[PDB]
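Let me begin by presenting the structure, written as structure tokens, before commenting on it.
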Amino acid sequence: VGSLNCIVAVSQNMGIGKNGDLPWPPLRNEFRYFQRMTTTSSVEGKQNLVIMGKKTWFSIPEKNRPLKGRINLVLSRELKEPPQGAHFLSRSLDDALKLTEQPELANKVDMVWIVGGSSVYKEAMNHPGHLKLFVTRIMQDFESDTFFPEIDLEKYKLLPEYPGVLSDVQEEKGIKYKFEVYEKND
Ligand SMILES: [C]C1=C(SC2=[C][C]=[C]C(O[C@]3(F)FC4=C(C([N])=O)[C][C]=[C]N4[C]4O[C]([C]OP([O])(=O)OP([O])(=O)O[C][C]5O[C](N6[C]=NC7=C6N=[C]N=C7[N])[C](OP([O])([O])=O)[C]5[O])[C]([O])[C@]4([O])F3)=[C]2)SC2=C1C([N])=NC([N])=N2
């Protein structure tokens, strides 16, 4: 198994969701960016693994679940089995990352992408080790009910460039946004 990564889109007031939906109107190219960065492996014959909480799973549109060409793992302590369409179920972030140690997965998985939500991000981000955050800055405030945890810029270095990631400002539906990549190693 290769690199551990989080990916998120976040408004200026740190919002990531409202009532199980995006706070902003759908941004097609932003979702395409998410799909491209989480799907692309750097190693032939492997897939990347996406880890998400239960509410995140159910927040993804049905026609896009499971996230195609990725192994999908959902976190829950209530569920008895993976939801319809999902591939794996774990009871904790550690359990899920341990699972990728199992032999028949440890040779299948390249990158691990935590794709939401708030609590899963927060534990990964405060856990020692090497971790990258792919953050889309949506450059307006939006009413939200779920927020991205604080990024400690003492530990998370903003990279000045990253291959495959546009550096200029994007705009869709009159909403400006920009891509960033942060890296810590502690
Ligand atoms: C993913 C993505 C995309 S696609 C989409 C579409 C539509 C919608 C969505 O979503 C959203 F809005 F978004 C957000 C995001 C961003 N912005 O980015 C991401 C994700 C998600 N989101 C949102 O937010 C929210 C969710 O929430 P919360 O609350 O935070 O949740 P979760 O975490 O998921 O859940 C909870 C549950 O689960 C479980 N858990 C958790 N954790 C854990 C667990 N278990 C065990 N362990 C652990 N550790 C629990 O359960 P139980 O069963 O146990 O009880 C809990 O409860 C909402 O609102 C949503 O929506 F949001 C999406 S586009 C994009 C993306 C990304 N990622 N990135 C980018 N850039 N873009």
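First residue of the sequence shown: 1, per the entry's author numbering; consecutive thereafter.
Ideal Cβ placement from N, Cα and C applies to all residues, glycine included.
Bridge-paired residues (DSSP) for residue i
i      : result
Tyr182 : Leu133 and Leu158
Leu4   : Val112
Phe31  : DSSP lists no partner for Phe31.
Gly17  : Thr146
Length of the line joining the Cα atoms of residue i and residue j
i      : j      : result
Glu104 : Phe88  : 13 Å
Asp94  : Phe142 : 32 Å
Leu79  : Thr56  : 14 Å
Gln102 : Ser90  : 13 Å
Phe58  : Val165 : 28 Å
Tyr177 : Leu27  : 10 Å
Cβ-Cβ separation, residue j to residue i (assumed contact under 8 Å), whole Å
i      : j      : result
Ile16  : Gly129 : Between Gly129 and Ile16 the Cβ distance is about 23 Å, and since that is not below 8 Å, they are no contact.
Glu183 : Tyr156 : 7 Å
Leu75  : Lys54  : 7 Å
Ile7   : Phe34  : 6 Å
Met52  : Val10  : So it is not a contact: roughly 16 Å between Cβ atoms.
Do the stretch 40-52 and the stretch 103-111 make contact, defined as three or more Cβ pairs closer than 8 Å? Yes, they touch.
Does the contact criterion of 3 or more C-beta pairs under 8 Å hold for the stretch 13-27 versus the stretch 133-142? yes
So does the stretch 163-181 actually touch the stretch 130-138, counting three or more Cβ pairs closer than 8 Å? Per the Cβ contact rule, the stretch 163-181 is in contact with the stretch 130-138 (3 or more Cβ pairs under 8 Å).
At 4 residues or longer, what runs of the alpha helix (DSSP H) sit wholly inside the stretch 25-110? 28-39, 54-59, 93-99 and 103-106
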